[PDB]
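Chain by chain, the residues run as shown.
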Amino acid sequence: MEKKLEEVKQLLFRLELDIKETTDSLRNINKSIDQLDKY
Amino acid sequence: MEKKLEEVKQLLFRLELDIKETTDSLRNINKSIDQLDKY
Amino acid sequence: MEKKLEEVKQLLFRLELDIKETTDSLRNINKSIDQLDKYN
Amino acid sequence: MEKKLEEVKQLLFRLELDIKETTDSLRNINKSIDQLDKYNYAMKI
């Protein structure tokens, strides 16, 4: 089915954005931990 | 420091859930592909 | 404190493990796709 | 399941690169954690 594959596609686009958000949150966390080095 | 760490910790709990959810969506995608292959 | 940092460190190791499952699932989809390539 | 399949392959590849960013970020975090242990040690005894 090209509809099934179309569905997989749509889910993959969403997972891409979800992973990009996880990355961004981890980068933020990284900065927080950096602060604490001398602080 | 202890306050910041608690905020980081809480965030890491939510990221774990988000990652595990992504993994789950991928395993379901894997199922869909397998079903097409079976066909 | 020591305790909170330890809990954070453990959490980061769990995310390492969780992310490796994501990577492994991706790899398994690729394998399943390759099977289609042959026929599909 | 051909042109569509190729689209899916492109997406799975993109997702692989996205995940690599996530793993790199985790690696950098750990590096900052080790720096934080260095400090904590030196600033104590």
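What counts, and where the lines are drawn
- Residues numbered from 1 in each chain as written, not as in the entry; some residues may be left out.
- Chains lettered and ligands numbered in written order.
- Heavy atoms only, no water.
- Patch = residues over 30% accessible without salt bridge, like charges linked within 9 Å, V, L, I, M, F, W, Y side chains within 5 Å.
- Areas by Shrake-Rupley, 256 points an atom, 1.4 Å probe, with all protein chains shown as cover.
- Salt bridge = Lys/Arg side-chain N within 4 Å of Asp/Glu carboxyl O.
- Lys, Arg positive; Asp, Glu negative; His and termini not counted.
- Charge placed at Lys NZ, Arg CZ, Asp CG, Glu CD.
- Helix = DSSP H or I, 4+ residues; strand = E, 2+ residues; numbered from the N terminus.
- Contact = heavy atoms within 4.5 Å.
- Buried area = accessible area lost by both parts, 1.4 Å probe.
- Polar contact = N/O pair within 3.5 Å; in protein donor to acceptor, adjacent residues only side chain to side chain.
- Nonpolar A, V, L, I, M, F, W, Y, C, P; charged D, E, K, R; others polar.

- Structure determination for this PDB entry is given in the record as X-ray crystallography, at a resolution of 2.300 Å.

### Details of a negative patch on the surface
- A contiguous patch of negative charge, built from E21(A), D24(A), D18(B) and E21(B), is present on the exposed surface.
- Taken together, the elements giving at least two residues each to the negative patch come down to α1 (2–35) of chain A together with α1 (2–38) of chain B.
- Its location among the elements puts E21(B) in helix α1.

### A look at the interface of chain D and chain C
- Contacts between the two partners involve 17 residues from chain D, matched on the other side by 17 residues from chain C.
- Both faces combined, the contact of chain D with chain C buries some 1400 Å², and carbon together with sulfur accounts for 74% of it.
- One can count 2 salt bridges joining chain D with chain C.
- Put simply, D37(D) and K9(C) hold a salt bridge, and the shortest N to O gap is 2.8 Å.
- One can count 2 residue pairs in polar contact joining chain D with chain C.
- Of the residues assigned to the side of chain D that touches chain C, the class counts are 10 nonpolar, 4 polar and 3 charged.

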